[PDB]
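Here you get one chain, nothing else, as structure tokens; it is the form deposited in one PDB entry.
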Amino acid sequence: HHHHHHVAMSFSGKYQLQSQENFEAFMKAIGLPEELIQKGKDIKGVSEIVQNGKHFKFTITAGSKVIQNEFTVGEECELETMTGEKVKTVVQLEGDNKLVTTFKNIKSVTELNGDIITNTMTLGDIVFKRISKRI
């Protein structure tokens, strides 16, 4: 389907988990089983994001399970979580390579930075944080 007008700073590629902070507090705060927390911290995860204009895929694989999400920025779309719940929410984008979406009181923020993907999720007082890099 050609180059389809190539755009710079697109969230398009594949990224392995480097590290993560407040994982055990956050994965407990959403209510995943304590075995899947204590093993899933050492299971090396991967994410695979695809910006297609206003459309966005967000794939995440960790703990031997896969999550796929689809949304479109400026529109309302149903985002799936680690617990398997789906909730409707609007996603926003800023002119600094950032995304923002809020689901189940989990205030997710993402940022593309060259080849590196930063993620943060703030639920109540738990400030979860995530670091991934291009593979």
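Sequential numbering from 1, following the sequence displayed.
Missing here is the form deposited with a small molecule bound; even so, the following discussion is about that form.
- So, in the deposited complex, is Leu93 in contact with the small molecule at a 4.5 angstroms heavy atom limit? Result no; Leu93 lies far from the small molecule in the deposited complex.
- Decide whether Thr110 counts as a contact residue for the small molecule in the deposited complex under a heavy atom distance cut-off of 4.5 Å. It does: once the small molecule is placed as it appears in the deposited complex, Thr110 has a heavy atom within 4.5 Å of it.
- Message: With the partner left out here, check for me: in the deposited complex, does some heavy atom of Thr101 sit within 4.5 Å of the small molecule?
- Response: Judged by the heavy-atom cut-off of 4.5 Å, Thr101 is in contact with the small molecule in the deposited complex.
- Query: Is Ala29 close to the small molecule in the deposited complex, meaning a heavy atom pair under 4.5 Å apart or at it?
  - Reply: No, no contact at 4.5 Å.
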